[PDB]
Every structure is written in C-alpha cells, then in structure tokens.
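What follows is one structure encoded as structure tokens, with my remarks underneath.
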Amino acid sequence: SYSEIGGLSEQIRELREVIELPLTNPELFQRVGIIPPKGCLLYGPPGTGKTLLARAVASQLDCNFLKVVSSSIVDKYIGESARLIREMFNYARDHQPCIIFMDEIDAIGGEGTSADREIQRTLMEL
Amino acid sequence: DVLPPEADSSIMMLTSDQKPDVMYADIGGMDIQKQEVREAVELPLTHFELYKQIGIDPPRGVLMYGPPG
Amino acid sequence: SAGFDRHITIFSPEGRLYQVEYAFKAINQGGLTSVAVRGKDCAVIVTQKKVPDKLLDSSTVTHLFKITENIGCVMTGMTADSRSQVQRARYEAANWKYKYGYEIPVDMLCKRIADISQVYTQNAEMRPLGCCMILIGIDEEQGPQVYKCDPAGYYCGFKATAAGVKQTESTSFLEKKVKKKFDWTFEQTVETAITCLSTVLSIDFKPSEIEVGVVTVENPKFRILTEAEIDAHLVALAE
Amino acid sequence: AXXXXXXXXXX
Amino acid sequence: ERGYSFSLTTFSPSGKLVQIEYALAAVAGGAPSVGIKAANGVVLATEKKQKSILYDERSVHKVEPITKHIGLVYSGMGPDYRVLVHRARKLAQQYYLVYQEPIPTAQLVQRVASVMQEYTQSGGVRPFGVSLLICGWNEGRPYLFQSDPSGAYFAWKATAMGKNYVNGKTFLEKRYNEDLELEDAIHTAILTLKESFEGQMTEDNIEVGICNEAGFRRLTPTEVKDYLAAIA
Amino acid sequence: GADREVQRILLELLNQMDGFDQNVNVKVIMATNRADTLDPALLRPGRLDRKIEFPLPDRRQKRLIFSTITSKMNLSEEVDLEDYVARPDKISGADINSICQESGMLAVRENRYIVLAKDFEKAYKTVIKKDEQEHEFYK
Amino acid sequence: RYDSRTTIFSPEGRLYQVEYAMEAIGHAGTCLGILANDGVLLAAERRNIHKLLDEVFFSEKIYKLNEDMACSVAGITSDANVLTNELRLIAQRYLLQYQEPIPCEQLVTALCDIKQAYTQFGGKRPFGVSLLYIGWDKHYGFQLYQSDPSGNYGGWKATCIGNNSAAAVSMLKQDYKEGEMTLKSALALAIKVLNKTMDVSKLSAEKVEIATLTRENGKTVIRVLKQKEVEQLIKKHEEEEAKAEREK
Amino acid sequence: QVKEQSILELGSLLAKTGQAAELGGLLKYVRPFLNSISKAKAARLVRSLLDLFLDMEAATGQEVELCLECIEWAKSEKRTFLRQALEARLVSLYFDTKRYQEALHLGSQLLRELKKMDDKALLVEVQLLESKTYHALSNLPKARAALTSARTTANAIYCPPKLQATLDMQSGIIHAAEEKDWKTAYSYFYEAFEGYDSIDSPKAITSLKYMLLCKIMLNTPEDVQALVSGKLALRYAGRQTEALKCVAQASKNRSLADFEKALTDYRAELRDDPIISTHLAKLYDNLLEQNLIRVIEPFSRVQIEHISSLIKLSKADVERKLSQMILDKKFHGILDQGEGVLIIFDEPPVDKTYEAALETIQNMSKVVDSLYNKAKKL
Ligand SMILES: Nc1ncnc2c1ncn2[C@@H]1O[C@H](COP(=O)(O)OP(=O)(O)O)[C@@H](O)[C@H]1O
C-alpha cells in the first residue's frame, strides 16, 4: 500500500499523478486534449526507498512491473547494452501495462573512446 | 507447389497496423523542409513520369540534420 | 560525464573543468546550509548548527567566523578547508588595511579570496578549497553588502544568497521573497533569513539549532546573536 | 575495452 | 589525436595542440560579447545576465577599463578574466612608468596576449579560457583587437565571442558599414547581442562601454536605458 | 576490434546504397543531430543526396508550431498564443510541444478542464530555464 | 607508441615529436623566397582574409629582425611571436656587443640552438614554427635561410614552407634560375608560384604579401610592397599569362 | 549644406499645399541645386523630393513624365545610384497606376543592371515589385520564383523592418493566390503584420485584414473575433477590421443572403482589395455549393423555384449555379426547364466489363492485322 512508504506524502502524491493517471482515468487527459504524461524520475539518496514507492504504484494499479538494474544493462560486449533496453520496451509491447522501473539511471544517461560512445549509443536507444 | 514467400515483417516492415498517425498538416511549419523530403521520398513513387521527363533520376536519399528537438 | 577530469588542469573536450566542477559538489558535503539576506541597512546570515553529540564542546562547533571588525563570514562545506579559507582571508584583509591605510572593503576581500582560489584552479599544485564563503559587511557609500565566493573563484554581489545542501530551494524561496519588494527592516531581514532556512528544511529551529550573524549600518560591527535573542526573534517570527 | 566477440556452435 | 588531447606540451600526430582548442571551446560557450569599430571610436557590449534576481547586477562589471584608453570584454570562464585584467593593468601600467605614454593598444594586446601564451607552454597550467576584446583610441584611430587563449591576437573590426557567435557575425557583415559613427555604432552593437540574449534587454542585463576619442567608460545603467529604449 | 566493427557497419551501409548491386525504387531517409561528424562518403551526392536542415524555429515557425499543438488542446479564450511566440528565447520544437503538454498538465492538476493563460506563463518559465545547474563560473 | 614526450627516442632512433612538430608546419600559410642577385624576396599568404578583420599591421607574416634582416613564419601563432621576440633580442644584443650587425647566419644558429634546445630538455614543447630569413651582410651579401621546428637550418636559393610546400618547391625548381635572378624576375616568379600554390586563383593583391630586401647605397631597405604595386605586379603577371595561351 | 536643408522643407509645405507644378518645377528647379549638393544628400533629397512629389495626389499625368524626365536627367550627369533610384520609384508608380506591362519591362531592365551591381537593398525592392506585378498579371508560378528570389537575396542583406514587412505581405499574397496552403499564408501575414505595426506604417491594416481572411477561408470563422480585438488589433480596430468580422459570421452562419449583405454593406472594404475579392468571391461561390448540396440531399426532384427559397437566392442565380455544378460533375443530376425541376439521381458505375471488352476488341483488332502479314507470306 502507498501508506507503507512513510513520509513521502507529497512525493508519493506527485508520482501518483504522472504514473497512475494515464493508466486509470485516461479520459481526463484526453478530455483536455494533452497526450497522457509518461515517466517519472525519482532522484534521492540511496536506500531512501525510491524503489518501494515505484513498487507500491504498481501494487495499487495492478499493472505488471519490470525492474531493470540499469547499471547491469551496460555489459562490456558492444551493442549488448542497447539490446537489453530494446528487449525491455519490446517486452512491454507484449505485456501491457508495465511500470518499467529502471534503477540508477546515471549509468546509461550521463567522450572520445570506443566504449565512451557505447554509452552514447545506449542513450540513443533508450 | 511454390508457396508464397514470407518477408512481411522480418526487420519491422511497417505493417498496416503500425502507421505512426501523424498527418502532414499536424507537423507545423517546416514548409521548405517538408517539400524537399516530399520531393525525394514521396513524389517519385507517385509521379515518376515527371522525373523522367527532365532526365534526372529522382534523388534517392535525404539526411535531415539540425539541433535536437 | 566524468570527462578527463582526474586532473584540474586538463580541460574537458567541451570546455568544462570537471575537477573544478566536483569542487562545488564537495561544498555540500558539510551537510549544512547558510543563508544571507541583505535588508535596508543590515545583512543577516543564518547557519545550521547540528551538533551530533552531547559530548561536543558546543562553543567551538561554530560555522561563523569573524574575519575583521566589520566583515563577518560563514562557511558552507568541508570544515577543514573552510578553516583554511577563513585563515587565509584574515591575512588578506590585514594586508589590505596595512597596505592602503584603511579597512579592506568587503567587496575586494571576496575578490582576493576568489583570486587565491582561482590560481589553485590553474596551477596543479593545490587541490582546490572545497568551501563557499559569504562576506557580509556594512560598507560605507554602499550600505550593507553580501558576497559569496565559490571554489572556482566566482564571486557576485547578492541581495540574498544561500549555499548548502538545500541551495536550490533556499534560493527559490528567497527568489520568491525578494520581488514582492518590502521595507527590509533589520527585524524583517533577520526574520527573512530564519524563515528561508526553516522553510527549506521543515524544522522548528529550536533556539540552539542555528547561528545567526548580524551586521547593521547603525553599528557596523559583526555580532552573533546570543541564544537568548534568537529565541526572542524566533518567537517574533511565530506571532 | 569494448570487445566484439565471435562464436562457435555446439551441435 | 585521441590520446594526445590532454597534455598541452605534446603535439598530436596531425600537428594539433588539442588542449588549446578545447580551451577555445570554453570561450565559444561563454557570455556573448560584441565589438564594433565605428570610424569615431570603439564600442563593446556583453550581456550581464544573472541566474536570479538575488544577484546585485552592479556588483561585477564585465566591460572594464585597463588604463584611461583601453577596455576589455570577455566570453569565457569569469575568474580567469580577472587574472587577465590584473596582468593587463599592471602591464599597461608597467608601460607607462617606463615610457610615460599611454600604452598603444597594439602593444598591450601584444603583451596581454604574451601573458596568455605563457600559460600554454608547460604542463601544470591550464590555458586562459577567456577570449578578450580590447578597445582603444590611440594616435587618432579607433582600435579593436581580440586576444585568444591560444596567444594569437587579431585586429577585428567587429566580432562577437560567446554563445551563438556564428549568428552574431552574420548579423555583422550585414549591418556593419565601415563608415558609421559611434552614435550609430552603439545601436548596431546592442542589436548584435539582441540576436542571442534570451530576454528583454534590461538596463541591468546588458553592459556597454564606448571607446571614443576621450577615453573608455562603462556606460551607466541609465544611458544604456536611453539607448535600449530607442532600439526597442 | 571495436572501432573496426563500427566501420564494417558504415561500409556495409555505403556498399548497398550505391554499389555494384544497384537497387530499384528503394529510397533511404536518414536523420542525424550533428551533420558534420558524418563520413564524407555518406554525404557525397549519390547516397544522401538532399541534406535537409531543420533549424531552430524562428519567430514564424514557432507560431505555426503553436497553432497545431494547441488547436486540439482546450485553450481558454484569454490565452493569446502570440504573447509567448514573440518572446526572443530560442525554444526548440519539443520545447514548444513541452511548453504546451506540461502547460495543460498544470491545468489538470488543479482539476481545471481548460488551460488558462496563467498556466502557460507558469509553464513557459519551466520549459526554458534550462541552465539551472550551470555553475556560474563558465558564464 | 613513443610520441608522448619530446625527449623519448623511438626504437628506430627517430624523435617522433620533432617529426610531428615539423610536419605540423603543413597547416600554416605559405612563404617563399626566390633566387635573386642584388636582392631576395619573401612572399607570404594571408590564410585568414575575412572582411570584418581590420588590417592594422599589414605584415602579419613578415617580420623585420635587424636593420638588414627579415624573417617570415609558418606555424603556431603563439610560438611565432615568442621566436620573433627572441630573434630580435638576439640580433640587437649582437649589435650592442660588437657594434656590428649580426651577420645573418649567426642569427639563425642562435635561434636554431634555442629551438633545438627545446627538442632536448623535457617538458618544453618543440617549437612548431619554420621561418624564412632573408638579409644581407658584409660577409656573403644576400642570403636565404630556412629554419625548421627541429632546429636544423640551411641556406637556400628558393624555398617555400607551409601549405603546398611541395608544389611551390618543385616549380621553384622547374623554372629555377641561377645567376639570372634579377629582382624583377624574382617578383614575376614569386607571384607566378603563388598562382598555383595558392589554391584560390587570381592571386588577389590583398591576399598576397611581398617584402623585398635590397642593398641601396649601403642602407639595406627592407620593403613591404603596398597593395597598389602588387595590383600592377598581379597585373604584370596577369598580362604575361594571356600571351602564353596563343599556343592553341 | 545650408542650401540643402531648406529645399527639403519647401517641398514638404508645398506638398501640403500641393503646388505640384511648383513642386515639379521646384524638382526641376532644384535640379541645378542637386548638382550643387552631394550625391548622397541629393539622392534622398530628390528621393524625398520625388517621393513627396509622387506622394501628391495631383495625378496630372506628369508623374510618369517627370519620372521619365528624372530618369533621363540622372542619365546625363551619370548619377547611376540616383538613376537606379528614379527607375525604382517609376516601377512603383506604374504598378499603382495599373500600368503593368510597362512596370514589368522597366523593372526587368532594373533587375538586369542591379543583379550584377551592388545595392542589394534595391534588388529586393525591385525584385519585389516584379513579384507583386507578376501576381496581378496572373502569372502565379512566375511570382513564386520571383519572391523566392527576393527571399533568396533578403537573407544576405539587412532587410529593414519595413522591407521585411513587404517581403512578407507579398509572400502571403502568393501563398494565398495558390489557394493550397493557408496556415502558411496566415503565418506570414501575422509576421508581416508585426513588422509593419512596429514601424507604424499605414499598410499594417492590410496585414490584419488578410489575416482575418486567412482564418475565414480555413473554415475557422470563429477565430476572427479574437484577433479583431486581440492586443495589437484594438489600436487598428475600425471599419476594416469590422468588414471581415461581418463576413466571418456570414460563413459561420452559412447564410448566402447574410454573406451577400456583408458584401453589399461594405463595398470599399471587401470589393476594393482584389486579394479580398478574388478569395472571398471564391468563398461565396463555394459556400453556395456546400449549401445547395445540403438542401438537395433529401429531395429527388425539386422545383428550381423552391431551391431558390431555401438558399435565399434568385431563381436565375440558382438556375445557373445548378447548371455549372451538373456540368462540372459536382452532383449527379439534371435541370429540366419545362417543369422547373432539378432531377437528382444516382450515377450507375461504368460497368468495367464493357470497358475491358472494348479495349480487348481493339487489342484483337491489332492481332487480326498481324495475322494479315502472316497471310502475305502465303
Ligand atoms: N522511506 C522508506 N519507507 C519505507 N520503506 C523504506 C524506506 N526506505 C527504505 N525502505 C525499505 O527498504 C526497501 C526499499 O528501499 P529501496 O526503494 O530499494 O531504496 P532506494 O531505491 O532509495 O535505494 C524496502 O524493503 C523498504 O521497506
């Protein structure tokens, strides 16, 4: 339950907005004519419980949740890193709707080496 | 028997149900750019008689470059 | 975005000195925040004094230092480096007065302090000082003045500034404040600094949880409001 | 660094 | 050139001292300044836009004097500007005490540039990442020089460093007639900045100095406001 | 063995576009955000013939852009889109879609079913203050 | 790879940095000095000739070292200033110490040692500047000296450095003239060589720069011909060019 | 110097007094004075003297004559900058006087010389006058290249705000005559408007009127209300802005009679601006079709008299418009005059089978021929 995460009333309230709304009452977004908002970037000190809030949101909506440890997706061999991201979104098309929770995203988003542009390619794929 | 080949979507050949749904009037402005693209990737398929009437083989590639967004 | 970084003297390809950049991110490692608000004739600096022990000699846990009889400074960032920056400043002013016949205007004291920090950014000898300084002083012909010198040596004249972990909201709060122009009375300024620090953190600000400095045009001397006064001020803020 | 890799085929 | 980018004392295989170039990137990504030499004098402009209202716009001035007849405008790392100016005023001064005449703007840049080149000959000192525009009126002919972090000093008639510099130059070559006068020149200089300054040209947002026959002087907020009002 | 396999891709790209096996009626559209890093062989009139450029919308394309994103949005009659299309800031196309998609999201939060002029200004200051971080010392 | 420091010897014995440096001269402007009795000339190219660029010096590539010594430059701008600064200071010291003009060659050796000395002690970047010297002395009269970034110098009768050095040097050979090198012939060839060496045709007068050194009544006037005379010079070559087409 | 200033003033007051003979005489009298003054000062002086002279409404026929005499006069003294100046104004005068072929020819001469010469500031001005003259001549595909010539040369010059307005207004007319894209037609008008607005020029109103027209023609007669009040439109708010306002409601309410009331209520506001007439007339001539079809949709035979009552148009007006609509294959029907009825009906297909047979017959007709040739071999 949202209640189980503690002291994030405002933050939990916000993340409800962007994530929950387009999935449950799309009419509101299509009534005003704006495409449903998609995506929430939760930044904070490690262990604060970013994942849980992102996990409760799945539990309330009863929508499938896919968790990707973003740092892991950046494997050494070339083009594997873009591919894991590609399979994630391609997996989503098959199973809808799924909160794609990417863990620390600093790795893939945020220069002159073969490997220094593989990070560049993976961002472009994302 | 010679069964019909199968190359419908091997590399994501846009199916009749994957049309992006963005009409030309929906794109805003880009008056000059749209015509240049509309002159190498759209027009030749339809009006190929016009291209061959002037003796120029229709341009085959377009490279849209510019600031992101 | 790590860049060549590992050396302060080697430019990143985009023209960004990453090592200098990391300096500021070291600035908030102190875990505290200081706010300076310039009023009609006063400047008030409020800091966070979070003494995490019953054994700490509370008298010496201060972030506020007195650079000179008319200029007071607060450090936000690494205590060790902030101490050196304080000590280097004091000489810089004393050399200023001894060299030109008058007290160094608060304007330059950040300039010379900034200039010292800037050469540590070129000549890869000294690791940069990881602390921002705020100089407050009643300057003749220019009223109370406030300045904030950063690790890279950038100083500016601030109607109000705050450096620390919650800088973005502290400045946004102040930015909201200064705009609805009002008669910034000494009581108003001291109140404004306390509210700014309070709102960002969401704390009650017990009497001893902060160290508010005050400098006024009427009595151009650096003073640190004694714990009795902050309570009086704090109760005034409530009502 | 970035390493391209070949591959065999266990029949 | 991939591994030779870092050290400023190691030629790349193509004979390219990359580090100087990357420093020039820091200039090409700085506050826009514009310079125009009108047959009556030299006009310089730069945008002094702060990040919030909390700043005191009059605190730090970019368009600055060196002597009574020379001034500077910079587009790059600020603090690296100040170290440049001081060695500029001292150098402008060290010329006066020795020769007793105001330093010709050609010499000052020849020695304000030679100051720059000093830091680009050894490892352990970063290049001065601030291109400089120097205006002066000496020997009855307006002067506008640009000294770079690379140590090369030009003789620009009218240019603009900083963000969106390519566009600024294109506006010049368009609205720059070698036969203007200082009065018209100020309007052109402001307009060149207007092509990039993202906002209203408030009198505490653009700082302009005029290098005329009498000497250089950082325009007071009002007079610019008189100028800015006219242009708008 | 890595920059070599990125180069084996560009060359395989070059060889099919204009190579010994000429194809009939296969047009190639390519989009890039840099336009100079591209290999000179892939910009030579024959493979990528028309190098269309998409420059940041001027004070005019911004108007047309605003009129198409909003012409579906419910705008309260007091929203003069010409008040925001004149501001000199060099907003890009996503930013105009942004300044509009989030503009309505501000209205949606307050449960109001009509985007008001107040939000657009609240929206208009969020999609353009992109410095934020900076560091003040690069200027 | 052994190109990290200017003092590291490659296994074959090549100071790579010096090869990298002197090879760097290629990116620079073209300067040439032709064979000439009773004179010798330098012709440079103003690579950057944009419009908004106010011309204040008129001699961006030709410097006067001593009262009878002129040297061009082809390389780094910053290093060019410091070498031209060190060159003059060396020449004037010789005049002060011996009350006699520095006899050309000892000027090049003085600078060449300074340039070479950088190629020996570590931590100093090899001067990436070659520079033509012309002048006169009481010892051998008009001389031409070609300095290199690697310090090695050498007397020359006609040479070009920088952009398209190969094209200029060969042609200066192809029509190379020995003995019969009067100044007028030198001028015609000098602009003649720049015509093809300089990619942009028409050798527009302002886009070229000729400085000549002559011994007049024992005064050694070092001249930097103004645009007007270049226009007629370009015209003089221009008129001669048309007459050659008659072959067809 | 002192002699230069006064003669500027005398013409202005004289222009106010309209002593064209005195002004024209002054212009010819100031001719020796023009020699006594600088080429730059005289140019703008003669310009202002000529502009002021041509400004006066005393159209006595010497305007073309004087400009020709001014054109020759510059020819003798060799004041090429001025002669390109009088010519530039002369092309402008011709266009306003309806004398087009002459306007194009002289301008075509001006473009011949200007192209190689300097003063690209005049190339855009003259290149525009050809662009707008080519529109009146009805040569639209040649105006599109003409204007893009001014906008392929405007990008390389200063383009003052006044000129930047003209290169727009003429660039919204040419997107309007093509009747293909309006949103682009409207965009240029709005940009054209703001340019004139700033300079406080009288033609900024023509900018606004066309903007409303672009909105009206785009099937959006509701947006007209907004702009007609707007923020920069209130200052201009008058009859002209009201003229388009009444038409807009006419299309929104779709009342051919109402539209006709507007076209008659306001004659010098819609019928005197040919861009507003040609385009608006096409509207009413189209609003009638879309309304005729809606009325006839139910009926299968309706007295031509009755359709007149619904559309609120005279039987003759609907008698014709029906005739052209049937003729042009708009709707499938027929007008019988002896019963005063329009016989609506459905067109049956072209029964492809018979078309494949007729084509096949010719096919086999050709084969039977080739059989002949085999028969000749015997
Ligand atoms: N603020 C919190 N509220 C509730 N549970 C929390 C909180 N912080 C951590 N937890 C606990 O830790 C886990 C969630 O931490 P996690 O979301 O992975 O942290 P982060 O993503 O910030 O690194 C759960 O077991 C949860 O019960």
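Cβ placement follows ideal geometry from the backbone for every residue including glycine, while neighbour counts extend to all protein chains displayed. The numbers here are math on the coordinates, done by the rules we state, and not lab data.
The residues in segment F:106-139 that are under 23 Å from F:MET73 (Cβ atoms), crowded, with 18+ Cβ neighbours inside 10 Å and within 12 Å of chain C (Cβ to nearest Cβ) can be counted, and the count is 0. Taken over segment H:200-243, the residue count meeting the criterion of being within 19 Å of the chain's Cα centre (by Cα) and of a type in the set (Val, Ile, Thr) is 4. Just one of the numbered conditions (1) out of contact with any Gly (no Cβ under 9 Å at 6 or more places or on another chain); (2) within 19 Å of C:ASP5 (Cβ to Cβ); (3) part of a loop (DSSP other than H, G, I, E, B) is not true of E:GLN19: (3).
Listed here are the helices (runs of 4 or more DSSP H) enclosed by segment H:10-115 that have at least 2 residues being at positive phi, and there are none. Against the numbered list (1) away from the ligand (no atom under 16 Å from the Cβ); (2) crowded, with 16+ Cβ neighbours inside 10 Å; (3) closer than 30 Å to F:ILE9 by Cα, A:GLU80 comes up short only at (2).
Of the residues screened, A:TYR2 is not one that is within 16 Å of the ligand (Cβ to nearest atom), within 14 Å of chain F (Cβ to nearest Cβ) and farther than 25 Å from F:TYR113 by Cβ. Restricting A:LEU66, A:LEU42 to those that are within 11 Å of the ligand (Cβ to nearest atom), closer than 22 Å to A:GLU17 by Cβ, out of contact with any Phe, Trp or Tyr (no Cβ under 6 Å at 6 or more places or on another chain) and not in a helix (DSSP H, G or I) reduces the list to A:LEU42. Quick one: is F:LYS90 surrounded by fewer than 20 Cβ atoms within 10 Å (Cβ to Cβ) and either more than 22 Å from the chain's Cα centre (by Cα) or more than 8 Å from every other protein chain (Cβ to nearest Cβ) (or both)? Considered against the rule, which asks whether it is surrounded by fewer than 20 Cβ atoms within 10 Å (Cβ to Cβ) and either more than 22 Å from the chain's Cα centre (by Cα) or more than 8 Å from every other protein chain (Cβ to nearest Cβ) (or both), F:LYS90 comes out as no. For segment G:44-51, the condition of being more than 14 Å from chain E (Cβ to nearest Cβ), buried (at least 17 other Cβ atoms within 10 Å of the Cβ), part of a strand (DSSP E or B) and not acidic (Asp, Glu) holds for at least one residue. Annotation: of all residues in segment C:1-20 being facing chain E (nearest Cβ under 8 Å) and small (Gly, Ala, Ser), the one that is nearest to E:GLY129 (Cα to Cα) is C:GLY15. Evaluated against (1) facing another protein chain (nearest Cβ under 9 Å); (2) over 27 Å from E:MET161 (Cα atoms); (3) among the hydrophobic types (A, V, I, L, M, F, W, C); (4) assigned to a loop (DSSP other than H, G, I, E, B), G:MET22 falls short on exactly one condition, (4).
Being within 14 Å of chain E (Cβ to nearest Cβ) and over 28 Å from E:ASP80 (Cα atoms), is that true of even one residue in segment C:151-168? Within segment C:151-168, not a single residue is within 14 Å of chain E (Cβ to nearest Cβ) and over 28 Å from E:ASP80 (Cα atoms).
Residues C:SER170, C:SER198, C:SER117: which one is assigned to a helix (DSSP H, G or I) and in contact with a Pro (Cβ under 9 Å, 6 or more places away or on another chain)? So the residue among C:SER170, C:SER198, C:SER117 that is assigned to a helix (DSSP H, G or I) and in contact with a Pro (Cβ under 9 Å, 6 or more places away or on another chain) is C:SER117. Name the single residue, out of those in segment E:152-181 being more than 12 Å from chain G (Cβ to nearest Cβ), farther than 25 Å from G:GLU60 by Cα and under 18 Å from the mean Cα position of the chain (by Cα), that is surrounded by the most Cβ atoms within 10 Å (Cβ to Cβ). The qualifying residue surrounded by the most Cβ atoms within 10 Å (Cβ to Cβ) is E:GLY162.
Quick one: how many residues across segment B:1-31 are among the hydrophobic types (A, V, I, L, M, F, W, C) and surrounded by 13 or more Cβ atoms within 10 Å (Cβ to Cβ)? Here the count works out to 2. Going through (1) outside any strand (DSSP E or B); (2) touching a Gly at 6+ places or on another chain (Cβ under 8 Å) one by one, C:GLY72 falls short only on (1). Considering segment A:75-126, and only residues there that are touching an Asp or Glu at 6+ places or on another chain (Cβ under 9 Å), over 29 Å from A:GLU20 (Cβ atoms) and among the aliphatic types (A, V, I, L, M), the residue that is farthest from the other protein chains (Cβ to nearest Cβ) turns out to be A:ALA82. Determine whether H:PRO221 is touching a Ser or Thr at 6+ places or on another chain (Cβ under 7 Å) and either more than 27 Å from B:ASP31 (Cα to Cα) or more than 14 Å from chain F (Cβ to nearest Cβ) (or both). Here the answer is yes, as H:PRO221 does meet what is asked. Scanning segment H:117-169 for residues that are at negative phi and small (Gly, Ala, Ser) yields H:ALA121, H:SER131, H:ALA136, H:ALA143, H:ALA145, H:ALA146, H:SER149, H:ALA150, H:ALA154, H:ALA156, H:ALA165. Of the residues examined, B:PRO58 is one that is in contact with a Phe, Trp or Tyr (Cβ under 6 Å, 6 or more places away or on another chain) and either crowded, with 17+ Cβ neighbours inside 10 Å or in a loop (DSSP other than H, G, I, E, B) (or both). Quick check: is even one residue across segment C:155-171 of a type in the set (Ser, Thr, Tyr) and under 30 Å from E:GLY124 (Cβ atoms)? Yes: segment C:155-171 contains one or more residues that are of a type in the set (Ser, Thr, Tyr) and under 30 Å from E:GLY124 (Cβ atoms).
Each row is one residue, and each column tells you yes or no for (1) out of contact with any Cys (no Cβ under 6 Å at 6 or more places or on another chain); (2) at the interface with chain F (Cβ under 8 Å from one of its Cβ atoms); (3) not polar (S, T, N, Q).
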| residue | (1), (2), (3) |
| --- | --- |
| B:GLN18 | yes, no, no |
| B:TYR24 | yes, no, yes |
| B:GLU39 | yes, yes, yes |
| B:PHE48 | yes, no, yes |
| B:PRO68 | yes, yes, yes |
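Of all residues in segment C:85-124, those being within 14 Å of chain E (Cβ to nearest Cβ) and of a type in the set (A, V, I, L, M, F, W, C) number 9.
Yes or no, residue by residue, for (1) within 14 Å of the chain's Cα centre (by Cα); (2) closer than 25 Å to A:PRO37 by Cβ:
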position: F:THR32; (1), (2): yes, no
position: F:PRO45; (1), (2): no, no
position: F:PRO55; (1), (2): yes, no
position: F:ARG60; (1), (2): no, no
position: F:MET73; (1), (2): no, yes
position: F:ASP80; (1), (2): no, no
position: F:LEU106; (1), (2): no, yes
position: F:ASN111; (1), (2): no, yes
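Take the residues of segment A:17-34 that are away from the ligand (no atom under 16 Å from the Cβ) and under 15 Å from the mean Cα position of the chain (by Cα): which is surrounded by the fewest Cβ atoms within 10 Å (Cβ to Cβ)? In this case the residue turns out to be A:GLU17. Considering the conditions (1) within 12 Å of the ligand (Cβ to nearest atom); (2) more than 14 Å from chain F (Cβ to nearest Cβ); (3) assigned to a loop (DSSP other than H, G, I, E, B), A:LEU53 is excluded by exactly one of them, (3). The condition of being within 12 Å of the ligand (Cβ to nearest atom), of a type outside the set (S, T, N, Q) and either closer than 24 Å to F:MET105 by Cβ or in a loop (DSSP other than H, G, I, E, B) (or both) holds for A:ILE12.
Would you point out the residue of segment H:176-190, among those that are surrounded by 23 or more Cβ atoms within 10 Å (Cβ to Cβ) and not small (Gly, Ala, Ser), that is farthest from the other protein chains (Cβ to nearest Cβ)? So the residue we want is H:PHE189.
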